[PDB]
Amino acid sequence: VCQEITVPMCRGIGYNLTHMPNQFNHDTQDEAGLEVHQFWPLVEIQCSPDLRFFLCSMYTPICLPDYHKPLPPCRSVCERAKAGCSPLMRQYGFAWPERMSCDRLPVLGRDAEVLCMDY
């Protein structure tokens, strides 16, 4: 079933409801939220206007009551966030996370049946 998002940084990004487990197999929003919290300095610095939405689209993925297919962000969302933010991360010794590699995400409109989220 769908639950109201309780991860504070992921409220106000365009949708209200999520469902667990997410694609990292976090079992609760609490677990997901403790991890995504670590990205707050990157979000504050605004290296990319897509980052916040992108992070939330994976940590608290959108839930629709009638839809049971997973709705990842589109690859393009990831690409923009990565292009904006990875240089700054690299500058702090952080590589772009392995679990966030964009090639794992569907391309917008490539497959009619495979929907995804574009900001």
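Start at 1 and count along the sequence shown; that's the residue number.
As the entry records it, the average C-alpha temperature factor is higher for 66 to 74, out of 66 to 74 and 81 to 89. Taking the mean C-alpha B-factor of each stretch as recorded, 39 to 47 and 54 to 62 are not equal, and the higher mean is that of 39 to 47. Ranking 11, 19, 110, 99 by Cα temperature factor from the entry places 110 first. Per the PDB record, residue ranking by Cα B-factor puts residue 2 in the middle third of the chain.
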